[PDB]
Amino acid sequence: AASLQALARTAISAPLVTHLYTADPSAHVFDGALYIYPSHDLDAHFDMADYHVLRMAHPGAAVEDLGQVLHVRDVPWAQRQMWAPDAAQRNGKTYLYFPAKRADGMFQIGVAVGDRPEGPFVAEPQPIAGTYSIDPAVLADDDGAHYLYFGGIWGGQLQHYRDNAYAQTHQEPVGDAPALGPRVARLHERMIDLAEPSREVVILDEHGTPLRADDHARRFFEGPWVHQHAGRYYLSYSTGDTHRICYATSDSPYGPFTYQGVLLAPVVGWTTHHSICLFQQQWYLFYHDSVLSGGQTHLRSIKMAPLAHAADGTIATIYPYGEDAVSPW
Ligand SMILES: O[C@@H]1[C@@H](O)[C@H](O)OC[C@H]1O
Ligand SMILES: [Ca+2]
């Protein structure tokens, strides 16, 4: 636990907050300010039960904790494990999208509605029909549509689904079979329903071939995020056991997306999760690691670092402890 100490010393970001553990940061600019919707790690395994909302009033501002806005006890369909959330706005309402586990052990995604971005949010009684697995991200397209992206394998259970239907004997593909991708569905105007069944998002390599299941350096693992820049859509995501946030580009929110490279090098703690958000004069990467907790994977803190799109559209790799650091993974 001294190799950990080198990384803390050269970390490029300090924890945005330290009075509670935070993870899975989803950043949005709502109503002139930056709101962050992270998960809330509890210091008792990932047994989170509630969400807070954080805010930066302006660039460089101190980070405000706007308090708890949703608890699993008010989510009647869910039993436990309030994981990586996201938010969207429409018609003056704010919607909090969140993955949670039913009593029978299956993850699904539910939504909660509020009249302000800081809530409080009133959760719908049933989960969103046609969703499953975890890690929602809702893209507010320039054209006025909203798209829901979701999925995570391993613990996230996506591997048990094909064409939106569960099977106990559905497993993660192996070898030369195409790796599973995240799901995408346009949202209905009423925002709490999908407008359509979800579709597979396909990630391609440099030769236009879907990433293979045995390509763990690049294949989708969990936590999709999409942002728009310079006329293209950027899909970014965690690769899980290779500990990277990678990204790919498409001219459509539906893909297919062509793999581009690594956006974030490995962080301390097993998981890595992020969002990418434009705030006034600067794009930022929001991410998390386990430095604050001394390396405990399930006790995380969110961070932010400035991100840069080059003229050719690529995004240079961000190294959370410096390019020189010995990677934690
Ligand atoms: O949603 C997150 C998930 O992607 C990860 O596997 O573990 C922590 C969760 O909050
Ligand atoms: Ca997310």
Side-chain angles (χ1 to χ4, degrees), residues 1-5 7-8 11 13-26 36-54 63-87 96-110 112 118-121 123 127 132-136 150 152-158 221-223 238 240-241 243 266-275 286-304 320 328-329:
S3 161
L4 166 57
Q5 189 46 55
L7 297 188
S13 306
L16 285 176
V17 295
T18 65
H19 57 288
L20 74 177
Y21 290 108
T22 52
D24 308 321
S26 286
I36 311 170
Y37 300 83
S39 67
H40 177 195
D41 287 333
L42 295 175
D43 193 348
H45 194 14
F46 301 86
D47 203 30
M48 305 100 80
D50 67 271
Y51 300 119
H52 288 228
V53 178
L54 314 178
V63 182
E64 305 162 67
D65 177 4
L66 296 183
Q68 176 178 299
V69 305
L70 183 66
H71 190 285
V72 68
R73 75 171 64 90
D74 293 319
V75 182
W77 64 265
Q79 184 187 80
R80 64 187 180 113
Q81 292 188 298
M82 299 277 268
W83 285 7
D86 198 8
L96 182 57
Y97 299 79
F98 66 99
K101 196 168 269 172
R102 317 187 305 246
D104 72 354
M106 301 307 178
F107 279 116
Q108 270 188 275
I109 294 161
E118 67 267 43
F121 296 93
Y132 48 92
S133 190
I134 62 177
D135 293 4
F150 58 104
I153 62 175
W154 293 21
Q157 303 174 346
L158 175 63
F221 189 100
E222 73 198 346
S238 170
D241 54 339
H243 300 279
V267 296
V268 172
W270 197 96
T271 71
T272 183
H273 204 114
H274 82 301
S275 64
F286 293 75
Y287 61 106
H288 68 230
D289 71 20
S290 294
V291 176
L292 176 64
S293 72
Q296 296 179 265
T297 286
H298 69 295
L299 300 179
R300 300 162 284 186
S301 78
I302 69 173
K303 297 181 158 183
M304 62 189 294
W329 301 95

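Numbering starts at 1 and runs along the sequence shown.
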Scanning both residues in full, the closest heavy-atom pair of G223 with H274 reads O-CE1, 3.9 Å
Among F98, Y97, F107, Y37, which one satisfies ring pair (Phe, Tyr, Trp, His ring centres under 6.0 Å) with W83?
-> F107
Let me check something: any side-chain donor-acceptor pairs from residues 13-23 under 3.5 Å, sequence neighbours excluded? List them with distances.
from: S13; atom 1: OG; to: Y287; atom 2: OH; distance (Å): 2.8
from: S13; atom 1: OG; to: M304; atom 2: O; distance (Å): 2.7
from: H19; atom 1: NE2; to: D65; atom 2: OD2; distance (Å): 2.8
from: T22; atom 1: OG1; to: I302; atom 2: N; distance (Å): 3.0

Looking at residues at least two apart in the chain, or sitting in another chain, which of them share a side-chain hydrogen bond (donor to acceptor under 3.5 Å, both in side chains) with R102?
-> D104, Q108
Partners passing side-chain hydrogen bond (donor to acceptor under 3.5 Å, both in side chains) against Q157 (at least two apart in sequence or in another chain) = none
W270: what forms a side-chain contact (heavy atoms from CB on, under 4.5 Å) with it, not counting sequence neighbours?
-> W154, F221, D241, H243, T297, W329
Contacts satisfying salt bridge (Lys or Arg N to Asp or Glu O under 4.0 Å) that involve residues 39-52 (not counting sequence neighbours) are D41-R300
Under 4.5 Å between any side-chain heavy atoms of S39 and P85, yes or no?
-> yes
Among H288, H71, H52, which residue meets the ring pair (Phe, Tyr, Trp, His ring centres under 6.0 Å) test with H40?
-> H52
By side-chain contact (heavy atoms from CB on, under 4.5 Å), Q296 pairs with (sequence neighbours left out) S293, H298, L299
Side-chain touch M82/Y51, heavy atoms, less than 4.5 angstrom | yes
Taking every heavy atom of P99 against every heavy atom of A84, the minimum-distance pair comes out as CD-O, 3.1 Å
Heavy-atom side-chain contact between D289 and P320 under 4.5 Å = no
Minimum-distance pair of heavy atoms, taken over all atoms of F150 and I109 = CB-CD1, 3.4 Å
